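Worksheet: one structure, shown below.
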Amino acid sequence: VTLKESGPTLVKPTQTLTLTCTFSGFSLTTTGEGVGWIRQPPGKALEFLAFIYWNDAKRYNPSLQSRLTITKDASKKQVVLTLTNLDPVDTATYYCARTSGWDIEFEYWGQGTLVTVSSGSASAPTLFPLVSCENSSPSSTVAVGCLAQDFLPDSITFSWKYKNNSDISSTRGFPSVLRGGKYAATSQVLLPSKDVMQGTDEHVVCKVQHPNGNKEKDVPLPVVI
Amino acid sequence: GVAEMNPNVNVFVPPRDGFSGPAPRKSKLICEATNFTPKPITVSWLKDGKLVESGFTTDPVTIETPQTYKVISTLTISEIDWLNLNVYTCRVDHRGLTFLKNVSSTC
Amino acid sequence: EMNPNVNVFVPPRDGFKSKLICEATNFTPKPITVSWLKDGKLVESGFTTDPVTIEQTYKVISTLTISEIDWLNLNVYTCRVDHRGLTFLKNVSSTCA
Amino acid sequence: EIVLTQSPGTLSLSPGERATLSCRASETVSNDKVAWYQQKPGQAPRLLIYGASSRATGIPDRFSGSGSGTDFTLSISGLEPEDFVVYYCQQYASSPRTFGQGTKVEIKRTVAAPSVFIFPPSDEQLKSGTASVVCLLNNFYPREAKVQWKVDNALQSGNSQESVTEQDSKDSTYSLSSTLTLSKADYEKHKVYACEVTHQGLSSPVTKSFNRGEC
Ligand SMILES: *[C@@H]1O[C@H](CO)[C@@H](O[C@@H]2O[C@H](CO)[C@@H](O)[C@H](O)[C@H]2NC(C)=O)[C@H](O)[C@H]1NC(C)=O
């Protein structure tokens, strides 16, 4: 038993949102079996939208009543969800699950899909150099970052390389935050002080793999020694 | 992680009565760079065009507003070589720049 | 208990202000006092003493600031080293001057 | 409408010990139809116990449920590193059903002093009319920390979102980033920008600042 979701990755506010939950391996004929939709905004808990039982029996949440519609098609074996009056605060990932009886609720879960609701467009990410202004305290090591801004949807992976195309293990990834209708995130990397006072390489390259452009800006190191 | 200045080369030599100990007498030569930035610097000794690869000890660079550093190096020399009017040159390499200073016993 | 060696370095014969370095090596214990003299007169300013380092033997270096004109005027400079109640005085002068 | 509140929000446990999760309901639940769910960030939630007393297929027997009425407790014996995830309690006797806030469990560790770094906005970014000043905190514990922005002795408020990373898999520490957003014209009217970091393991607050034009 498995479930698969599908739908648009970008929808404008005050529009119609449609999602499809693809399941295969069972039929909604026996009693107790049902399908429900659960969403969870980032940093928040699960939210119950609606649940539909057999014999075309559907249930809706009073907090969201007269705003959602549940339709099922036995021919294609997939439930259709329609969302109207889209709001940026309602952005979340939607999941569907199957209930195998009256007591075993949501035994199998799918994978879900991120549906971003922003008035803006999927523009290319913008990189900005970051120069450390720390002074009078070298400490153990120093940090240098890379400001990936103006990206949508939030799907970015960071890799750090030296001038000679080396490999760096940073693993420092900060989550994105919605600011002014756009997602903003920052990525940093930790490097030993001894390596800085050595090779003549005075700059490193910041690389981001986003499906809107392959730009890569470089941050020049100030060098301390 | 303000300014860059070219290193200054200074060479110290023993006086006429600066040799002591059992014959042959030996002395030391001091080459120091001050008020130089960045920190890295290469110190080498040349004797009549021949590189010196032994008998020398260079102290670690220590801190003496632009940051400043100092470096002290000591090379052991023989009295006989000094009396032969040999020329000692201190080689300083700094950011790809080479500075040479020539000293001798001649007035 | 070994008497420290006293050596004073002079500027090059063919030109370079400058500095005077007096080095005491192969002495024990580590504490030691180094001073400077000018024509038999006590020096009150213009001299600094670097921290004693480990070469068991120790090494101490002192720096005295002098002017170009006064050095070649046959002025007498003496490095005074006091160790284990013994005082060592070394007189140096420019060979070409 | 059944309101479910879970407390405490964050708890620090050690591997091998026992962890107790509390689930509070606003009213009695018919037939004690309360279930527990396990959710890991990135992946999808998975069901563990249905009906608060019967486990499901593929669930270890170390998870035990007890209680009835309006008080429910989840006991887990033999805590594992992979079990440090968020857990939610949910009841299916409401129709429509409701979900709780959820509780997060973290690995207990010693207090480590954080590192504070501030990056002035780049010249290229200033040409776009927007200036972004960042304040980075790394290797601190516990997750609770206060970050305040002070510019020209004036405390800022209502202009900081605040982003915090998850617990490190190999270091068990936490990191967070604070971004300062202000107009380009307002940026030229201020000289010194500083973010204050307060930590439990620091005797006195450490403040870092920079001078405009020197960076
Ligand atoms: C690229 O250049 C860097 C110089 O910053 C090289 O790093 C040095 O080489 C060793 C061996 O790989 C590294 O482990 C050290 O970080 C650096 N050495 C010292 C003494 O700090 C790096 O190796 C170069 N890349 C390649 C593939 O050679």
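Starting from 1 in every chain, residues are counted up; chains themselves are A, B, ... following the order of the structure tokens, and ligands are numbered from 1 as listed.
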inquiry  = With only C-alpha atoms as the counted atoms, please give the residues lying no more than 10 Å from residue D:194, apart from itself and same-chain residues fewer than 3 positions off, as a list in words.
reply    = residues 118, 133, 134, 135, 148, 149, 150, 151, 152, 153, 197, 207, 208, 209, 210 and 211 of chain D
Selection to disk with N, CA and C atoms, as a PDB file, in the first residue's frame:
```pdb
ATOM      1  N   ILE D 118      29.227  38.952  12.703  1.00  0.00           N
ATOM      2  CA  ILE D 118      28.352  39.904  12.030  1.00  0.00           C
ATOM      3  C   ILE D 118      28.994  40.301  10.707  1.00  0.00           C
ATOM      4  N   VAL D 133      21.934  42.962   7.310  1.00  0.00           N
ATOM      5  CA  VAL D 133      22.952  42.685   8.316  1.00  0.00           C
ATOM      6  C   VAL D 133      22.579  41.383   9.013  1.00  0.00           C
ATOM      7  N   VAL D 134      23.528  40.454   9.079  1.00  0.00           N
ATOM      8  CA  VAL D 134      23.279  39.128   9.627  1.00  0.00           C
ATOM      9  C   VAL D 134      24.015  38.977  10.951  1.00  0.00           C
ATOM     10  N   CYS D 135      23.473  38.114  11.808  1.00  0.00           N
ATOM     11  CA  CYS D 135      24.053  37.815  13.114  1.00  0.00           C
ATOM     12  C   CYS D 135      23.980  36.307  13.302  1.00  0.00           C
ATOM     13  N   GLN D 148      19.116  40.155  20.369  1.00  0.00           N
ATOM     14  CA  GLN D 148      18.567  41.501  20.296  1.00  0.00           C
ATOM     15  C   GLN D 148      19.462  42.379  19.435  1.00  0.00           C
ATOM     16  N   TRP D 149      18.838  43.210  18.606  1.00  0.00           N
ATOM     17  CA  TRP D 149      19.550  44.144  17.743  1.00  0.00           C
ATOM     18  C   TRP D 149      19.542  45.529  18.375  1.00  0.00           C
ATOM     19  N   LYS D 150      20.719  46.147  18.459  1.00  0.00           N
ATOM     20  CA  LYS D 150      20.869  47.483  19.021  1.00  0.00           C
ATOM     21  C   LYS D 150      21.720  48.317  18.078  1.00  0.00           C
ATOM     22  N   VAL D 151      21.135  49.383  17.536  1.00  0.00           N
ATOM     23  CA  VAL D 151      21.831  50.298  16.639  1.00  0.00           C
ATOM     24  C   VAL D 151      21.655  51.714  17.170  1.00  0.00           C
ATOM     25  N   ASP D 152      22.774  52.419  17.353  1.00  0.00           N
ATOM     26  CA  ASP D 152      22.775  53.784  17.886  1.00  0.00           C
ATOM     27  C   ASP D 152      22.040  53.854  19.224  1.00  0.00           C
ATOM     28  N   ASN D 153      22.266  52.844  20.064  1.00  0.00           N
ATOM     29  CA  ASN D 153      21.671  52.707  21.391  1.00  0.00           C
ATOM     30  C   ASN D 153      20.152  52.583  21.354  1.00  0.00           C
ATOM     31  N   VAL D 197      24.069  38.997  22.077  1.00  0.00           N
ATOM     32  CA  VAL D 197      23.821  37.575  22.275  1.00  0.00           C
ATOM     33  C   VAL D 197      23.944  37.266  23.759  1.00  0.00           C
ATOM     34  N   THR D 207      29.230  41.563  22.993  1.00  0.00           N
ATOM     35  CA  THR D 207      28.705  42.430  21.948  1.00  0.00           C
ATOM     36  C   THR D 207      29.764  42.650  20.876  1.00  0.00           C
ATOM     37  N   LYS D 208      29.348  42.537  19.618  1.00  0.00           N
ATOM     38  CA  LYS D 208      30.216  42.763  18.472  1.00  0.00           C
ATOM     39  C   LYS D 208      29.622  43.860  17.600  1.00  0.00           C
ATOM     40  N   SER D 209      30.480  44.757  17.119  1.00  0.00           N
ATOM     41  CA  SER D 209      30.028  45.892  16.328  1.00  0.00           C
ATOM     42  C   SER D 209      31.115  46.273  15.335  1.00  0.00           C
ATOM     43  N   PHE D 210      30.724  47.065  14.340  1.00  0.00           N
ATOM     44  CA  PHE D 210      31.635  47.505  13.293  1.00  0.00           C
ATOM     45  C   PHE D 210      31.366  48.967  12.974  1.00  0.00           C
ATOM     46  N   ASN D 211      32.353  49.606  12.354  1.00  0.00           N
ATOM     47  CA  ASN D 211      32.276  51.008  11.970  1.00  0.00           C
ATOM     48  C   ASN D 211      32.046  51.108  10.469  1.00  0.00           C
TER      49      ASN D 211
END
```
Could you report the residues within 10 Å of ligand 1, using only C-alpha atoms and all ligand atoms, as a short mmCIF file (atom, residue, chain, number, x, y, z; two decimals) with N, CA and C atoms, in the first residue's frame?
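Just written: result.cif:
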```
data_model
loop_
_atom_site.label_atom_id
_atom_site.label_comp_id
_atom_site.auth_asym_id
_atom_site.auth_seq_id
_atom_site.Cartn_x
_atom_site.Cartn_y
_atom_site.Cartn_z
N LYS A 161 33.63 25.26 -2.70
CA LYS A 161 34.85 24.83 -3.37
C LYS A 161 35.90 25.93 -3.28
N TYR A 162 37.16 25.53 -3.30
CA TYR A 162 38.27 26.48 -3.27
C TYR A 162 38.53 27.00 -4.68
N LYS A 163 39.61 27.77 -4.84
CA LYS A 163 39.96 28.29 -6.16
C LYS A 163 40.37 27.17 -7.11
N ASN A 164 41.03 26.14 -6.59
CA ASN A 164 41.48 25.00 -7.38
C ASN A 164 40.42 23.91 -7.50
N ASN A 165 39.15 24.25 -7.29
CA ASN A 165 38.03 23.30 -7.41
C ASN A 165 38.21 22.12 -6.45
N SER A 166 38.38 22.44 -5.17
CA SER A 166 38.52 21.42 -4.14
C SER A 166 37.14 21.09 -3.56
N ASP A 167 37.12 20.33 -2.47
CA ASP A 167 35.88 19.94 -1.82
C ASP A 167 35.90 20.40 -0.37
N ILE A 168 34.77 20.93 0.09
CA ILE A 168 34.61 21.42 1.45
C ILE A 168 33.36 20.80 2.05
N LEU A 191 36.07 27.23 8.06
CA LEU A 191 37.37 26.86 7.53
C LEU A 191 38.44 27.07 8.60
N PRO A 192 39.44 26.19 8.66
CA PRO A 192 40.51 26.37 9.64
C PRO A 192 41.33 27.62 9.35
N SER A 193 41.83 28.23 10.43
CA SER A 193 42.64 29.44 10.29
C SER A 193 43.98 29.14 9.62
N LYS A 194 44.56 27.97 9.91
CA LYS A 194 45.87 27.64 9.37
C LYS A 194 45.85 27.56 7.85
N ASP A 195 44.79 26.97 7.28
CA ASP A 195 44.70 26.85 5.83
C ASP A 195 44.59 28.21 5.15
N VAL A 196 43.96 29.18 5.82
CA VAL A 196 43.86 30.52 5.25
C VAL A 196 45.25 31.14 5.09
N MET A 197 46.10 31.00 6.11
CA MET A 197 47.46 31.52 6.06
C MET A 197 48.38 30.48 5.42
N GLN A 198 48.25 30.36 4.10
CA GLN A 198 48.99 29.36 3.34
C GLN A 198 48.91 29.65 1.84
N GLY A 199 48.02 28.95 1.15
CA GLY A 199 47.90 29.13 -0.29
C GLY A 199 47.54 30.55 -0.66
N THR A 200 48.01 30.96 -1.84
CA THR A 200 47.78 32.32 -2.33
C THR A 200 46.34 32.56 -2.75
N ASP A 201 45.51 31.52 -2.82
CA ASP A 201 44.11 31.67 -3.20
C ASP A 201 43.39 32.62 -2.24
N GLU A 202 42.96 33.77 -2.75
CA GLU A 202 42.33 34.80 -1.93
C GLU A 202 40.82 34.84 -2.08
N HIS A 203 40.22 33.87 -2.77
CA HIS A 203 38.78 33.87 -2.97
C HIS A 203 38.28 32.44 -3.13
N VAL A 204 37.00 32.25 -2.83
CA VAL A 204 36.31 30.98 -3.03
C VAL A 204 34.99 31.27 -3.73
#
```
Please check the contacts: residues of chain D at most 9 Å away from chain A, using only C-alpha atoms, listed as a CSV table (one decimal) with C-alpha atoms, in the first residue's frame.
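Writing the result to selection-v1.csv gives the following:
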```csv
chain,number,residue,atom,x,y,z
D,1,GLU,CA,-14.2,21.0,18.6
D,33,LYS,CA,-10.3,6.6,20.5
D,35,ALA,CA,-4.0,7.5,18.5
D,43,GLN,CA,10.0,12.3,5.5
D,44,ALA,CA,6.3,11.5,6.0
D,45,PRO,CA,4.6,10.8,9.3
D,46,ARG,CA,4.1,7.2,10.3
D,47,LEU,CA,1.5,5.7,12.6
D,48,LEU,CA,2.7,3.9,15.7
D,49,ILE,CA,-0.3,3.1,18.0
D,50,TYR,CA,-4.0,3.2,17.2
D,51,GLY,CA,-6.6,3.3,19.9
D,56,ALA,CA,0.4,-1.5,14.4
D,88,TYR,CA,1.7,14.1,17.8
D,92,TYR,CA,-10.5,10.1,15.7
D,95,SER,CA,-15.6,13.6,13.1
D,96,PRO,CA,-14.2,16.1,12.1
D,97,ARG,CA,-10.9,15.2,13.9
D,98,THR,CA,-8.3,17.6,15.4
D,99,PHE,CA,-4.6,17.4,15.8
D,100,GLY,CA,-2.4,18.5,18.7
D,101,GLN,CA,0.5,20.9,18.9
D,102,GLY,CA,3.2,18.2,19.2
D,117,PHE,CA,29.8,36.9,13.8
D,118,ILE,CA,28.4,39.9,12.0
D,119,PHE,CA,28.7,40.6,8.3
D,120,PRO,CA,28.2,44.1,7.0
D,121,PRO,CA,26.1,44.5,3.8
D,122,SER,CA,28.1,44.3,0.6
D,123,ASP,CA,28.6,47.3,-1.7
D,124,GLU,CA,26.9,45.5,-4.5
D,125,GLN,CA,23.8,44.8,-2.3
D,134,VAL,CA,23.3,39.1,9.6
D,161,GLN,CA,12.1,37.1,11.6
D,162,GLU,CA,14.7,34.7,13.0
D,163,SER,CA,15.8,31.4,11.5
D,164,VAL,CA,17.1,28.4,13.5
D,165,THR,CA,18.6,25.1,12.2
D,166,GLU,CA,17.9,21.6,13.5
D,175,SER,CA,22.6,27.1,15.2
D,176,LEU,CA,20.5,30.1,14.3
D,177,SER,CA,20.7,33.2,12.0
D,208,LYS,CA,30.2,42.8,18.5
D,209,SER,CA,30.0,45.9,16.3
D,210,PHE,CA,31.6,47.5,13.3
D,211,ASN,CA,32.3,51.0,12.0
D,214,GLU,CA,36.0,50.4,7.4
D,215,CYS,CA,34.6,47.2,5.8
```
message = I need the residues in stretch 100-224 of chain A that are helix (DSSP H, G or I) according to DSSP; give them as a VMD selection string.
response = chain A and resid 193 to 196
Just the selected residues (N, CA, C and O atoms), exported as a PDB file, in the first residue's frame, please.
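Produced file selection.pdb, reproduced below:
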```pdb
ATOM      1  N   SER A 193      41.833  28.231  10.427  1.00  0.00           N
ATOM      2  CA  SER A 193      42.638  29.441  10.285  1.00  0.00           C
ATOM      3  C   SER A 193      43.979  29.144   9.625  1.00  0.00           C
ATOM      4  O   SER A 193      44.498  29.970   8.865  1.00  0.00           O
ATOM      5  N   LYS A 194      44.557  27.973   9.908  1.00  0.00           N
ATOM      6  CA  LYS A 194      45.874  27.641   9.369  1.00  0.00           C
ATOM      7  C   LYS A 194      45.848  27.558   7.846  1.00  0.00           C
ATOM      8  O   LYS A 194      46.782  28.017   7.178  1.00  0.00           O
ATOM      9  N   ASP A 195      44.791  26.970   7.281  1.00  0.00           N
ATOM     10  CA  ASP A 195      44.704  26.849   5.829  1.00  0.00           C
ATOM     11  C   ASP A 195      44.593  28.210   5.153  1.00  0.00           C
ATOM     12  O   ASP A 195      45.068  28.381   4.025  1.00  0.00           O
ATOM     13  N   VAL A 196      43.965  29.183   5.818  1.00  0.00           N
ATOM     14  CA  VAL A 196      43.863  30.525   5.251  1.00  0.00           C
ATOM     15  C   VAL A 196      45.247  31.144   5.095  1.00  0.00           C
ATOM     16  O   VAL A 196      45.560  31.750   4.062  1.00  0.00           O
TER      17      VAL A 196
END
```
message = Set the distance at 12 Å and use only C-alpha atoms: which residues neighbour residue A:25 once local chain neighbours fewer than 5 positions away are removed? I'd like the list as a ChimeraX atom specification.
response = /A:1-3,77-78,98
request  = Can you pull out every residue within 12 Å of residue C:90, counting only C-alpha atoms, but drop anything in the same chain fewer than 5 positions away, and send it as number ranges by chain?
outcome  = B: 15, 17-18; C: 5-9, 22-24, 35-38, 40, 76-81
ask   = Can you list, as an NGL selection string, every protein, DNA or RNA residue that comes within 12 Å of residue B:70 when you count only C-alpha atoms, leaving out same-chain residues fewer than 2 positions away?
value = :B and (7-10 or 31-41 or 58-64 or 67-68 or 72-73)
Expected file contents, prior selection, N, CA, C and O atoms, as a compact mmCIF listing (two decimals), in the first residue's frame:
```txt
# COMPACT_ATOMS: atom_id res chain seq x y z
N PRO B 7 58.52 45.37 2.99
CA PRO B 7 59.41 45.09 4.12
C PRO B 7 60.71 45.89 4.04
O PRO B 7 61.20 46.22 2.96
N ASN B 8 61.25 46.19 5.21
CA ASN B 8 62.54 46.86 5.33
C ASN B 8 63.61 45.85 5.72
O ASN B 8 63.39 45.02 6.61
N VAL B 9 64.76 45.92 5.06
CA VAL B 9 65.84 44.97 5.25
C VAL B 9 66.97 45.66 5.99
O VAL B 9 67.47 46.71 5.55
N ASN B 10 67.38 45.08 7.12
CA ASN B 10 68.50 45.58 7.91
C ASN B 10 69.42 44.43 8.26
O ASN B 10 68.96 43.34 8.63
N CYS B 31 69.80 39.49 10.50
CA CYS B 31 68.98 40.15 9.50
C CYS B 31 67.56 40.23 10.03
O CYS B 31 66.94 39.19 10.31
N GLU B 32 67.03 41.44 10.17
CA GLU B 32 65.72 41.66 10.76
C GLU B 32 64.87 42.54 9.85
O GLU B 32 65.36 43.51 9.27
N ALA B 33 63.59 42.18 9.74
CA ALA B 33 62.61 42.97 9.01
C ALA B 33 61.55 43.47 9.98
O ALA B 33 61.02 42.69 10.78
N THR B 34 61.25 44.76 9.92
CA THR B 34 60.31 45.39 10.83
C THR B 34 59.29 46.20 10.04
O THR B 34 59.56 46.66 8.93
N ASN B 35 58.11 46.37 10.64
CA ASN B 35 57.02 47.15 10.05
C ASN B 35 56.64 46.62 8.66
O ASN B 35 56.42 47.39 7.72
N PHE B 36 56.57 45.30 8.53
CA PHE B 36 56.21 44.66 7.28
C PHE B 36 54.89 43.91 7.43
O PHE B 36 54.59 43.35 8.48
N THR B 37 54.10 43.93 6.35
CA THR B 37 52.82 43.26 6.30
C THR B 37 52.56 42.87 4.85
O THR B 37 52.90 43.65 3.94
N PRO B 38 51.97 41.69 4.59
CA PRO B 38 51.48 40.68 5.54
C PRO B 38 52.59 39.93 6.28
O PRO B 38 53.78 40.15 6.07
N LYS B 39 52.18 39.02 7.17
CA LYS B 39 53.13 38.29 8.00
C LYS B 39 54.13 37.44 7.22
O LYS B 39 55.33 37.50 7.55
N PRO B 40 53.75 36.63 6.23
CA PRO B 40 54.71 35.69 5.64
C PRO B 40 55.91 36.39 5.03
O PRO B 40 55.79 37.45 4.41
N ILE B 41 57.08 35.78 5.21
CA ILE B 41 58.34 36.33 4.72
C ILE B 41 59.34 35.19 4.64
O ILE B 41 59.32 34.27 5.46
N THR B 58 66.37 30.92 12.29
CA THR B 58 65.44 32.04 12.16
C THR B 58 64.39 31.94 13.26
O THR B 58 63.71 30.92 13.39
N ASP B 59 64.26 33.00 14.05
CA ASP B 59 63.27 33.03 15.11
C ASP B 59 61.87 33.17 14.53
O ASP B 59 61.69 33.75 13.46
N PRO B 60 60.86 32.62 15.21
CA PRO B 60 59.48 32.76 14.72
C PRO B 60 59.05 34.22 14.69
O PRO B 60 59.47 35.04 15.52
N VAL B 61 58.19 34.54 13.72
CA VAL B 61 57.69 35.91 13.58
C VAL B 61 56.79 36.24 14.76
O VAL B 61 55.88 35.47 15.11
N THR B 62 57.03 37.39 15.39
CA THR B 62 56.27 37.82 16.55
C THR B 62 55.73 39.23 16.31
O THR B 62 56.30 40.01 15.54
N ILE B 63 54.63 39.54 16.99
CA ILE B 63 54.02 40.86 16.87
C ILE B 63 54.87 41.88 17.62
O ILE B 63 55.27 41.65 18.77
N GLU B 64 55.14 43.01 16.97
CA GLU B 64 55.93 44.08 17.58
C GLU B 64 55.20 44.68 18.78
O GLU B 64 54.31 45.51 18.63
N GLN B 67 48.55 46.48 11.37
CA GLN B 67 49.25 45.44 12.12
C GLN B 67 50.70 45.35 11.67
O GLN B 67 51.01 45.44 10.48
N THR B 68 51.60 45.15 12.63
CA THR B 68 53.03 45.08 12.37
C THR B 68 53.60 43.78 12.92
O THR B 68 53.08 43.21 13.89
N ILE B 72 63.47 37.78 13.29
CA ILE B 72 64.89 37.80 13.63
C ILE B 72 65.53 36.51 13.14
O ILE B 72 65.01 35.42 13.40
N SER B 73 66.65 36.63 12.44
CA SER B 73 67.39 35.48 11.93
C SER B 73 68.86 35.62 12.31
O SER B 73 69.41 36.72 12.34
```
task = Find the residues in chain B near chain C: any atom within 8 Å counts, using only C-alpha atoms. Write them as a VMD selection string.
result = chain B and resid 10 to 18 103 to 107
request  = Measuring atom to atom with only C-alpha atoms, identify which of C:27, C:41, C:34, C:88 is nearest to residue C:75.
outcome  =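 Closest candidate: C:41.
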message = Applying 10 Å and only C-alpha atoms, which residues near stretch 44-46 of chain B remain after dropping the ones on its own chain fewer than 6 positions away? List them as a PyMOL selection string.
response = chain B and resi 29+31+52-54+56+58+73-75+87-93+100+102
key: Residue neighbourhood residue A:210, 12 Å, only C-alpha atoms, exclusion window fewer than 3 positions, as an NGL selection string   = :A and (122-127 or 148-158 or 207 or 213-216)
